[PDB]
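Chain order of the listed sequences is B and V. The first sequence begins at 3264 in the UniProt record's numbering and counts up one residue at a time. The second sequence begins at 3264 in the UniProt record's numbering and counts up one residue at a time.
There are 2 protein chains.
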Amino acid sequence: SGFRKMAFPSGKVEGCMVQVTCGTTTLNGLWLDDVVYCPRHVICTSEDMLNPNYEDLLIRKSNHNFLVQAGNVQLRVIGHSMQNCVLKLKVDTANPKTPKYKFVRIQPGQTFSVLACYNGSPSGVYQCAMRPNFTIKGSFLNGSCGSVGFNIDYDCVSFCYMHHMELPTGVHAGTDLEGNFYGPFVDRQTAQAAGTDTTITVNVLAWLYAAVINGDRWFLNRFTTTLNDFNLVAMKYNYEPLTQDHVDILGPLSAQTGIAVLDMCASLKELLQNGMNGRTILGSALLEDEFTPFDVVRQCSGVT
Amino acid sequence: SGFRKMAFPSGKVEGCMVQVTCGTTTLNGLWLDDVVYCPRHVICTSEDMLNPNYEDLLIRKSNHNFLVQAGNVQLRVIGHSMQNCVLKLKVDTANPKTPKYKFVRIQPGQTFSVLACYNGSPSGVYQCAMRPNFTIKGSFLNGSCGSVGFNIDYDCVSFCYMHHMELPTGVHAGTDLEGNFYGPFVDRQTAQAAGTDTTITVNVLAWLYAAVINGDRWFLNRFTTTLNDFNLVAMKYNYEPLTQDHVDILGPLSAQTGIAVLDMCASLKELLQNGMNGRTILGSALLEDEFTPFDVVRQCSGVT
Ligand SMILES: COc1ccc2cncc(NC(=O)Cc3cccc(Cl)c3)c2c1
Ligand SMILES: COc1ccc2cncc(NC(=O)Cc3cccc(Cl)c3)c2c1
């Protein structure tokens, strides 16, 4: 038993973390095979950060201008390209520690592990979620740019996120590994609307199943509800609307506990309308939405 | 900005995770140099788990009975010894991936990262704290025995915890790497008193400093307090008594924010006497005590 905000082991990812220096700026790069991926804002200076002409800024750059360092050994840059908002630097050596990897674009509400890095050195790892508004609530400081988010299935690392920017609101915005930002965000030091963020309902329901599995049952009740009635309650409390696909994904947890998904919806409806009344669920005084149904299954079954 | 329950990168630790099989039982081992450390309850069977005679059970065992597996390759056991509640199996090969390591016994209130493993395979990593009552609130399933807790300074892994047991209350008990349990716990399937657990006050104060550093200031007030007055409040709310040593350790965070430790104590006194009033601090509706002053400094400064 026990329920923690568990991240994937970062080992396979530490072996890809490099330091990228361009001009006066240093950020993190992801060395996979003979390519180093990093945020394109490495070619920028403070003056041009308000609205940079990335194509023009990259033109004044040659392979020898980009300095890629892997721990201590210098990598030789033989090619440079800009793919959306990332630079792909072809290096003459393939990373001996490259794991089996995929570049995947996650959906909002999905979770992943983040390995925060500074100067190519990892400092920590935390599990987080792609918010419905495409922001992430991470922990990032200056120099954390280039830190990646990922998921791990058996031996394959699916890279899903690269950190680029911190919004004035303190939340974080970044891209997939092909350079496409999640959300409407652009790599300019300009004020940007993060958007209205909602609560990932299916994740809160999955965490309620995780609570029952781990002994917390006080929130269970003699009531049930329909998808329609629950969705009216969810709309009032800024929760993502529940669909039959969400109910289907909660099938495994519903079968393990023997609690129908609409009976768990009725418990969540009561928790929303009445609050926690000073109590806790899994050590928390608020409803948690950063555990997908898959995360709860993995943690309560012990998939390695 | 941002404040997460960040764990150390698990890379250096994954390279030491082995699988130990003895008889019908399988648990995790820590392969450092030519020794594999694991919980001694690997030599037990269900019948003798109520009160095992470990000395007698180990006598019926020879080096060839212990099966140590590192990923896929089998290790050759040339020596076996029992040190308190851990077995030290001398293997003929030194772990090529052994990091610079220390075996340290942490104090209650200290934090560490845990790499949960099953069959020698890591599954996740989470940051947690040694509770004042010497239990840990981890996430462990059957087969998680042998999973270690650690801290990392530069390149040195300080191993501080080895998981042995889950108490009937769902909390976890384990040992240091010399086989000494933290707390009064023994490796027997017997009901054991976990003890009264208190809230690590200096950690809650450190997290309040982390809240101010990251924009959350609603809890700050026009009041101050003495060590004595604050300690009366802490006693009523089952918080660890604050000492001048705790105040001294909060010196760096007090200097960064410019908020005197006794003014932050007065804010905590109000939060305890009045609750959060439905609000949150760093995304939480309760007072957090699993971030030491060092953790807050590391996370808000970016030590790699
Ligand atoms: C300067 O202080 C910080 C603190 C925390 C930080 C956390 N994440 C990122 C940082 N910097 C940037 O976002 C730099 C930047 C600016 C505009 C557009 C783009 Cl793509 C990048 C951070 C800086
Ligand atoms: C059998 O199910 C579980 C579930 C979660 C579990 C989480 N941690 C540990 C487990 N097992 C034990 O503690 C085995 C045991 C028993 C008595 C004394 C000692 Cl030293 C060891 C777990 C078992």
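Cβ atoms here follow ideal geometry from the backbone N, Cα and C, with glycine treated the same way.
Residue j beta carbon less than 7 Å from that of residue i
| i | j | result |
| --- | --- | --- |
| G3387 (chain B) | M3269 (chain V) | yes |
| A3392 (chain V) | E3553 (chain V) | yes |
| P3395 (chain V) | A3469 (chain V) | no |
| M3425 (chain V) | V3434 (chain V) | no |
| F3366 (chain B) | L3440 (chain B) | yes |
| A3497 (chain V) | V3559 (chain V) | no |
| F3266 (chain B) | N3414 (chain B) | no |
| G3409 (chain V) | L3290 (chain V) | yes |
| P3515 (chain V) | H3427 (chain V) | no |
| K3324 (chain V) | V3420 (chain V) | no |
| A3454 (chain V) | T3398 (chain V) | no |
| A3529 (chain V) | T3461 (chain V) | no |
| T3464 (chain V) | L3505 (chain V) | yes |
| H3304 (chain B) | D3450 (chain B) | yes |
| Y3300 (chain B) | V3349 (chain B) | yes |
| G3565 (chain B) | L3404 (chain V) | yes |
| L3313 (chain V) | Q3452 (chain V) | yes |
| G3406 (chain B) | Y3381 (chain B) | yes |
| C3423 (chain B) | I3369 (chain B) | yes |
For residue i, three-class secondary structure by DSSP
| i | result |
| --- | --- |
| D3416 (chain V) | strand |
| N3328 (chain B) | helix |
| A3392 (chain V) | strand |
| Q3370 (chain V) | coil |
| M3280 (chain V) | strand |
| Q3562 (chain V) | helix |
| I3463 (chain V) | coil |
| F3493 (chain B) | helix |
| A3270 (chain B) | strand |
| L3320 (chain V) | helix |
| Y3381 (chain V) | strand |
| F3557 (chain V) | helix |
| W3470 (chain V) | helix |
| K3351 (chain V) | strand |
| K3400 (chain V) | coil |
| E3551 (chain V) | coil |
| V3305 (chain V) | helix |
| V3434 (chain V) | coil |
| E3441 (chain V) | coil |
| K3365 (chain V) | strand |
| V3299 (chain V) | strand |
Cutoff 7 Å: residue i Cβ touching any chain B Cβ
| i | result |
| --- | --- |
| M3428 (chain V) | no |
| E3551 (chain V) | no |
| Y3381 (chain V) | yes |
| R3267 (chain V) | yes |
| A3548 (chain V) | yes |
| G3274 (chain V) | yes |
Residue-level contact to chain V via CB, residue i, 7 Å cutoff
| i | result |
| --- | --- |
| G3433 (chain B) | yes |
| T3567 (chain B) | yes |
| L3404 (chain B) | yes |
| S3421 (chain B) | no |
| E3277 (chain B) | yes |
Closer than 8 Å at the beta carbon, the chain B residues around residue i
| i | result |
| --- | --- |
| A3270 (chain V) | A3270, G3387, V3388 and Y3389 |
| residue 3575 (chain V) | Any question about residue 3575 (chain V) goes unanswered here, given that chain V covers just 3264 to 3567. |
| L3378 (chain V) | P3272 |
Contact list for residue i against chain B, beta-carbon separation under 9 Å
| i | result |
| --- | --- |
| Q3452 (chain V) | By Cβ distance, chain B contributes nothing, its closest Cβ being about 15 Å from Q3452 (chain V), past 9 Å. |
| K3400 (chain V) | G3265, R3267 and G3546 |
| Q3519 (chain V) | Per Cβ cutoff of 9 Å: no residues; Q3519 (chain V) is ~14 Å from chain B at best. |
| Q3337 (chain V) | Simply none; closest approach about 19 Å. |
| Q3332 (chain V) | Under the 9 Å cutoff, chain B gives no residues; its nearest Cβ is about 13 Å from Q3332 (chain V). |
| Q3455 (chain V) | Ordered by position in chain B, no residue passes the 9 Å Cβ test against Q3455 (chain V), which lies about 16 Å from the chain. |
Chain-ordered neighbours of residue i on chain V, where CB pairs are closer than 8 Å
| i | result |
| --- | --- |
| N3477 (chain B) | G3433 |
| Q3373 (chain B) | Correct list: empty, because the minimum Cβ distance to chain V is about 17 Å. |
| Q3282 (chain B) | The contacting residues do not exist; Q3282 (chain B) stays about 10 Å from chain V at best. |
Neighbouring residues, chain B, relative to residue i (Cβ below 7 Å)
| i | result |
| --- | --- |
| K3499 (chain V) | The premise fails here: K3499 (chain V) is roughly 17 Å from chain B at the closest Cβ pair, so nothing lies under 7 Å. |
Proximal residues of chain V, C-beta to C-beta of residue i below 9 Å
| i | result |
| --- | --- |
| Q3536 (chain B) | Simply none; closest approach about 14 Å. |
At 4 residues or longer, and completely inside the segment 3493-3541 of chain V: list those alpha helix (DSSP H) runs for me, N to C. List check, alpha helix (DSSP H) in window: 3507-3512, 3514-3520 and 3524-3537.
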